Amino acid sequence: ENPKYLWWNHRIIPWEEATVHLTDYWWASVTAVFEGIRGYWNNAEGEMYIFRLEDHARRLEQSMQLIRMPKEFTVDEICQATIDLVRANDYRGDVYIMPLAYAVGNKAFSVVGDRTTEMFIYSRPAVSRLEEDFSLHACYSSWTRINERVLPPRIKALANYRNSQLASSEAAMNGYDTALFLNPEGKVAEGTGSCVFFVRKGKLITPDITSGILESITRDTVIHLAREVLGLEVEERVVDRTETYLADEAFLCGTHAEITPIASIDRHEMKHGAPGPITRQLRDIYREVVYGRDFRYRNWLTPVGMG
């Protein structure tokens, strides 16, 4: 049913001890920021590898700074709590870990810095699809992405996802698997829960960070692997809607989404299939990295030996 433990406000506690009142956190949720972190289980080594844990912890501390949450937790404490929780839950398999920080008050929605900062970390089993060949059909949404003027997409805020839900609900009702956003200027931004890459003429293209997107750690990883392992040109730039319709390949990338091939965009089929040849290479390389089977990228992994 539930994991054995969670982490909450500087301590590991049994799951059933984290009882609260229905009314306690609705106002707090408007302040909340979070991370998505994966642990990949290597049965041959008896080790969980938590992927880019310090980078995720640093981004959570940045998000919390941008919300104006008083300082309460450090990067090293978030890292250590994650390791301690994954070991104590004693689940030997792939996991998805969600640290979530919030400021509690004003049970009252419309100032953050007068509130107290709290955090929990919740680790649950989650399967990987990196051994599976699958693809999604995407649409561009009629709803525009949040931007720096109103709700900065650099901040990984729960509230941002209300805009994600406009797009993801439209995609589902209109017969698509997933939605991509345009920014207010009409340029390509990101997906509802991932960044997007395009392959054309043997090069990788992705919206630059100032297109109004999350600074995706899976995006950064893919840029490094594409340049370093495959020797590909990668362009971080402004990207137009119609050029993406002509892509040879496309894929989403994100911690939960891993590397998710895109078969079509607004019913324009990616010419080289899904996963196409370069996407297949990147998904296979990414898989060997996160499972601790590529020594070149060991510095990205935090091992948790579970004996």
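Residue numbers here begin at 1 and follow the sequence given.
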Worksheet entry | Stretch exceeding the other in mean C-alpha B-factor - 186 to 194, 125 to 133 | 125 to 133
Worksheet item: Of 226 to 234 and 97 to 105, which one has the bigger average CA B-factor?
Response: 226 to 234
Practice prompt. Pick out which of 80, 210, 163, 141 has the highest C-alpha B-factor in the PDB entry.
Written response: 80
Item to complete: Pick out which of 177, 148, 72, 215 has the highest C-alpha B-factor in the PDB entry.
Response: 72
Fill in: Chain-relative CA temperature factor third for residue 259
middle
Practice prompt. Select lowest, middle or highest to describe the third in which the CA B-factor of residue 275 falls within its chain in this entry.
Written response: highest
Worksheet entry | Third of chain Cα B-factors occupied by residue 206 | lowest
Worksheet item: What third of the chain, by the recorded C-alpha B-factor, contains residue 42?
Response: highest
Discussion item. Based on the deposited C-alpha B factors for this chain, I'd like to know if residue 48 is in the lowest, middle or highest third.
Written reply: highest
